[PDB]
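*Asks:* Sharing a structure with you now.
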Amino acid sequence: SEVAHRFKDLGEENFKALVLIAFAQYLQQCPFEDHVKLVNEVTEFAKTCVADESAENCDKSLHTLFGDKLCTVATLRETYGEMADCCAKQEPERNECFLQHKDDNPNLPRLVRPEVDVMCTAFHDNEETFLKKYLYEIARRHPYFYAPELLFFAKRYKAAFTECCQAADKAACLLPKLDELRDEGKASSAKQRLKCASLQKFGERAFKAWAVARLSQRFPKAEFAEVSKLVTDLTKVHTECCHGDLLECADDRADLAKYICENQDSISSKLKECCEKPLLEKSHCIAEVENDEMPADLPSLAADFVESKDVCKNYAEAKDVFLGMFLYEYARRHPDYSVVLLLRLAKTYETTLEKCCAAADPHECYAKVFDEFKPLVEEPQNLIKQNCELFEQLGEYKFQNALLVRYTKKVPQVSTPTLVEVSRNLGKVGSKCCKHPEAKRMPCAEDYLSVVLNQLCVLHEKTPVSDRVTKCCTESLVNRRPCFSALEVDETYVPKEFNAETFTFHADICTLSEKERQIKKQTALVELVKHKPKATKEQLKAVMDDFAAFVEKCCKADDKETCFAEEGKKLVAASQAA
Ligand SMILES: O=C(O)CCC[C@@H]1c2ccccc2C[C@H]1NC(=O)c1cc2cc(F)ccc2[nH]1
């Protein structure tokens, strides 16, 4: 019995929560009350299997049980329609079909949060429903959220209201925390979407490689064999979470933590404090810990991987173990190399070996391999330096605008809201990484960008328009960023001539946050460039100034939406000439 094993292992509290997220990530448009009804029926059921594992149904697989139960509300197409398709299939077709239809951009409201007192009224009135709501809203919006982490944040959500709803000034306590969790939440989600894309679109060999490089950069003292064991374990975990198998993911992550802490001495020295933490924190902590000291003595790379003889012999006998060793050795020495750089280097090594082992002087042709790595190292460093140069002169907001312009010219077929969300997350690199010194700049940035471009890749894949986006995304996971970097203004592109409705704003603009107000200005920008790229000097950064003033002047004009219709029409036309 599976539903039993996982109840015993996770306990009722987590068990209940994971199931909520499973259902919410599979049926996003479906309402809260329904998912809560469903989860409860499964929990009622799981307990019976704990009492008696030979009971009827207990030997069904979790998808079987979870799927049957979802479909008791999903088959109704008049509401969903397409989800009735998976419901027609048996497993494993149906679970494949549910994954197939996870919406990265679901037509869901923006979640408004009421005032602190209302909120705190809801929390003490019934904190169990309040929390269930939190899990519900995030997962349905983030169908690939790493479920074990969603539990760790729910704890932080709960603890905030617990504390802050007794503070003398509740808001000042609460709002910083909620926002930090909103922000920290978004970022986990993106990180986790790149993991699932690796696995689902490129295969586990990719995930391993990324994992091998990554884990090794953190645990350079550890033997390859050990890392391999951590990787195989990490792989299984995220493979499970990416296939919808959330109980088993959560559980396996918990075992991985337990193991990591039992064997600190074989893994790292930065762990001691994480392993004293509570169970939920214990794993998150581990994932966000600084690198261990690099072993004082290490031999040169070249010996084992160039200057040795019978390099092909090892390559032949076990290439995946030979290339993994390279990747391990190279990564543990180079914690300033982004993980994707390490993966291109590792690929450039594989391709060369294929060429050289044919026959003639190998020990010669593959001598200058390390020479072949030099350009790959600098190419991205240049861009970070350069794009950090531009950051401090422009500030975070103006820099985004520049990236918008850059990326909107780059790939102008792309949906506007996409361009904006993306360009802004791209812009966020400056603040995060430029802060640092070069030693930690490259991995910070280039990897952070990897997350943001995979973001673009998925939101695009949904409804593909530009062939250049589809190319850079499908071509090669590791090479996505150089691929976008190298693109240039699209000559093919026929502009859309104009529109009236798009630029004359309404009064509600004044009542929105600077956050959302910048977003309304940044949309405006993106449309203009769509309408007029051919010419695109400062005149872009010029006519932006023309809208921002028009926004704030009419939001302090004291007039009944007058200038928005009258003075808003004078401007929009003027730039078509100007
Ligand atoms: O399972 C988790 O706790 C989240 C993953 C966190 C991972 C962890 C865990 C312990 C020690 C170091 C580290 C590094 C940390 N991330 C990765 O290893 C990692 C794998 C991976 C695979 C991809 F296709 C793309 C990005 C990736 N990052």
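Residues are referred to by chain and number: the chain letter is A, B, ... according to the order shown in the structure tokens, the number counts from 1 in that chain, and ligands are numbered separately from 1 in the order shown.
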Step by step, measure atom-to-atom distances between ligand 1 and each residue using only C-alpha atoms and all ligand atoms, keep those at most 8 Å, then write them as a PyMOL selection string.

*Replies:* chain A and resi 146+149+191-192+194-199+206-215+218-219+231+234-235+237-238+253+283-284+286-289

*Asks:* Would you mind telling me which residue in A:22, A:543, A:473, A:118 lies nearest to residue 42 (chain A) when using only C-alpha atoms?

*Replies:* A:22

*Asks:* Calculated over only C-alpha atoms, which of the candidates A:536, A:346, A:267, A:557 has the smallest distance to residue 322 (chain A)?

*Replies:*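 Among the listed residues, A:346 lies closest to residue 322 (chain A).
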
*Asks:* Which residue is closest to residue 28 (chain A)? Choose from A:91, A:245, A:350, A:104 and count only C-alpha atoms.

*Replies:*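 Among the listed residues, the smallest separation from residue 28 (chain A) belongs to A:104.
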
*Asks:* So that each row is one residue of region 1-119 of chain A with an atom at most 10 Å from region 441-464 of chain A, can you give its shortest atom pair and the distance in Å to one decimal, using only C-alpha atoms, rows by chain and rising number, as JSON lines?

*Replies:*
{"residue": "A:101", "atom": "CA", "partner": "A:462", "partner_atom": "CA", "distance": 9.9}
{"residue": "A:103", "atom": "CA", "partner": "A:462", "partner_atom": "CA", "distance": 8.2}
{"residue": "A:104", "atom": "CA", "partner": "A:459", "partner_atom": "CA", "distance": 6.5}
{"residue": "A:105", "atom": "CA", "partner": "A:459", "partner_atom": "CA", "distance": 6.7}

*Asks:* Find, counting only C-alpha atoms, the residue in A:145, A:251, A:328, A:568 that gets nearest to residue 193 (chain A).

*Replies:*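 Checking each of A:145, A:251, A:328, A:568 against residue 193 (chain A), counting only C-alpha atoms, the winner is A:145.
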
*Asks:* Pick out the closest residue to residue 188 (chain A) from this set: A:119, A:150, A:175, A:331. Count only C-alpha atoms.

*Replies:*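 Of A:119, A:150, A:175, A:331, the one nearest residue 188 (chain A), counting only C-alpha atoms, is A:150.
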